[PDB]
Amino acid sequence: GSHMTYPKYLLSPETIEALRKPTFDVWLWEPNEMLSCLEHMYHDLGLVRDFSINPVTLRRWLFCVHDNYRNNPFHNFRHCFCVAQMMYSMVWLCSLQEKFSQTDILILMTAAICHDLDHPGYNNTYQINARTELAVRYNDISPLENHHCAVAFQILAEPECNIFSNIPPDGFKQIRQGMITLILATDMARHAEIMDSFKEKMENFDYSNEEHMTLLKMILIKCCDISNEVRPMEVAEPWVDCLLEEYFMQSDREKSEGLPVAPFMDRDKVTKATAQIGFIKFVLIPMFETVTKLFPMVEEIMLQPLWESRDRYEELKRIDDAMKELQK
């Protein structure tokens, strides 16, 4: 719509607008454009303003983050961007600036961006069963998430990437603790525990109770992390195939090294349709249902697409099933 053309890293006005919504097509963008988006979120949320973040430091920091994401089929830099972009979406959708401090929004955003740093593309169960250096390092306790987190603060300790350098020590310590809690909370082995605690608080929720608020931020980051299916189908569906790529890599290796294979990583047991129907019905919908009690607009903008997804996979399944009826 502009009188001249601009480089891609100069986000257009339409892109800036689109970036606030969960319909943003995360696939359209190169790393450099994604980096620009993230940068813009920090400015637009008032976090550069309120935390006195050096604007060049913010950029050096994001570039460093990018460099410490690996090129995995799924647990890559585009995935962290989805998680961040969904968090951003949720701030707008759920009017989170009315409810949360700027420090809380900083924690949410920074944890979202950092939460899968240097992921190897094999999960905690692989680490633990194979007795990897990481499992040994972290005593079989959320080995990956502990590493993501440590890498995060390693990056922030480099003075040219330290977006928190103009924050007082107490604020730093507060932000550090919140980020650790949040990144640790993304270990899916703790999903039911965290949901139970949340739901328990939801018996009588209190926005001025720090404990309630901590659980609400753990639930937000968990929402954002596993939210691909909330997105328009054409955006959502490619992510399942990337995840299965990663998972098949792992179960191949596990077979070959004599380690236990998860059925949901077994090429002969999983299908995309059946895996997603299960995850949608039994993990995603129920989680977003609880959140919808606090944020009613979540039903229309995030539950609806999930219902639509579930239904469409049910259709796909009827067809995978017929295909298998031709194959023995």
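Under this definition, the rigid core comprises the largest set of C-alpha atoms superposing within 1.5 Å between the forms. Note that residue numbering begins at 1 and tracks the sequence as displayed.
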{"property": "More shifted region, core-based fit in 8 other deposited structures of this protein, 267 to 275 vs 62 to 70 by CA", "result": "267 to 275"}
{"property": "Of 142 to 150 and 200 to 208, the one with larger mean CA B-factor", "result": "200 to 208"}
{"property": "Comparing 263 to 271 with 58 to 66, the one whose average Cα B-factor in the PDB entry is higher", "result": "263 to 271"}
{"property": "Cα B factor band for residue 301 (lowest, middle or highest third within the chain)", "result": "highest"}
{"property": "Residue 175, C-alpha B-factor rank within chain (lowest, middle or highest third)", "result": "middle"}
{"property": "Assigned third (lowest, middle, highest) for the C-alpha B factor of residue 225", "result": "middle"}
{"property": "Record-listed C-alpha B factor of residue 39: chain third", "result": "lowest"}
{"property": "Residue 231, C-alpha B-factor rank within chain (lowest, middle or highest third)", "result": "middle"}
